[PDB]
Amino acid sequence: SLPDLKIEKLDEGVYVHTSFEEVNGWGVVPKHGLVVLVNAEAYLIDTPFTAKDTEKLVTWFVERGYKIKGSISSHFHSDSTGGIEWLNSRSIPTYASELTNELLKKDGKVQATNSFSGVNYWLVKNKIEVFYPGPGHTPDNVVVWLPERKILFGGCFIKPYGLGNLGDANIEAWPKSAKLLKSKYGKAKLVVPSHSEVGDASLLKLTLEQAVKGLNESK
């Protein structure tokens, strides 16, 4: 038995959802995403691993009076996209980058119904921004920025204590992508990783250090 879906308030209008999955060779893996509230509407920043937990997460906010206006997935792995199929079946708009949707399609997985293409994209103008720092953990990984809270969801790109699975990684680009991320969000109040605890902007520095060290160790 895996731990249950957790939902925890992080800031005004910002909640961290944590789901858990058994991943062969990694044991029980936690995955953090966000739910962001704008007025009476809720946006999912990454879906939980599974449809079950995506439904639980949606139910919780609907029962509390928030309409689910959409989800955005930060990269194509199923810890960010596992609930897209279920959201689509409920006519809740799902978003992912063009490249993320291409990689879903290539793996025979359900795609988001909406795609965006380019370095920056406003999911909600002035409230929820999407930014592509370049390849790192995967070729498609993006981050999500909440300007009114100075909170950055770094997703599986933020790796403060070790890079993790390099199977889909672009280790030669990750240092550059990490330097770009740090220079753009160096003033973030909070940085939310997918697989470790929330921290401050130093998680940007630590990530860059881990990327540079990972590229060095591949000699």
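Residues carry their position along the shown sequence, with the first being 1. For clarity, a rigid core is taken as the largest C-alpha set superposing within 1.5 Å between two forms.
Larger root-mean-square CA separation from the shown form, computed after a rigid core fit of the structures in 8 other deposited structures of this protein, is seen for 18-26 when 18-26 is set against 199-207. When the mean C-alpha temperature factors of 40-48 and 185-193 are read from the deposited coordinates, 185-193 comes out higher. Stretches 144-152 and 111-119 differ in mean C-alpha B factor, with the higher average recorded for 144-152. Among the modelled residues of its chain, residue 163 has a C-alpha B-factor that falls in the highest third according to the deposited record. Sorting the modelled residues of the chain by their CA temperature factor places residue 179 in the highest third. When the CA B factors of the chain's modelled residues are split into thirds, the value for residue 171 lands in the highest one. Among the modelled residues of its chain, residue 32 has a C-alpha B-factor that falls in the lowest third, as given in the PDB entry.
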